[PDB]
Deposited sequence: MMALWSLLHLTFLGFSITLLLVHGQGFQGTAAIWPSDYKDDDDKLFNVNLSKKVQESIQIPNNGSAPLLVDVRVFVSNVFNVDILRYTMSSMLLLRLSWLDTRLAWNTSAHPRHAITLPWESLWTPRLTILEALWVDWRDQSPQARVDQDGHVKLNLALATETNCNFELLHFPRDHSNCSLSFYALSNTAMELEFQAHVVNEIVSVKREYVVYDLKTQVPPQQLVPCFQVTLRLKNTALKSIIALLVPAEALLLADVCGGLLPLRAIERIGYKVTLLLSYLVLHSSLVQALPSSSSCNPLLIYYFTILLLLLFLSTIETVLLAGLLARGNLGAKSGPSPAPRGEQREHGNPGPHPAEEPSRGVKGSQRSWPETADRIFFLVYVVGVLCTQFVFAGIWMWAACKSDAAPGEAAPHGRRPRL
């Protein structure tokens, strides 16, 4: 049973060199705050107990089953689910005792997206592999990442990849940090351009005379269209506890502006039906409304240019598992 035990690197902990190949990052669900990825881990260590003389055995390398020798058991804390593409992996041992193990796994990890600037947002996704059954005094990790992503035409593009071994760790672990950027024009074309078009159409329709019956129906139809579009947008966007996307606030402000315009039009048309004062009031309101729309657009642009979130470090992030 001594074979299952971790090899002893004298006083120093055993060093395991891990190479991570990120094959693909396919599902990035902002609503579920999860990112799905595919990884290949090549773990290399030295096990002098498995070394054999070349005279007795002429093979320069042998293959052993997963449970026939010590292999680190990696667990991902942020991963909702992990699917290992080999239920019975085989480790490879050289004549000098070097052991190499290849593991292909598809995971759905947790990513804290910074959706403040949706749909142009940069997020950091961390995949932390822990050797829970071992301690840092026995196991040490040396992690490298290779960018082997096979899909590039997706909405979210991975542009920065790094690996790091956090210090002051009791449980040996290594984390791969990747940076995700959104380059999808679907949201903009689908919702932002039609929303601005509807807002400009309402502003233009403000020039219709108060006594025109067609003014009311046109405004109400625009309001209904914007209500449908706003419902679609908010259903298509997640809600954060602290920093919701500025897009939903901007759309809510525009919806309130459209409601205010429609309500003013209806109220003044009713008062007129009951140059008179309501017509002058309507003209003044139209000017104030145009000025307010321009001011709102400028204010939203300024907020987008200069925005930040302190947010709050999660208890897992503030106090990582197996520290100190």
item	value
Deposited positions lacking CA coordinates	1-54, 329-367, 418-420
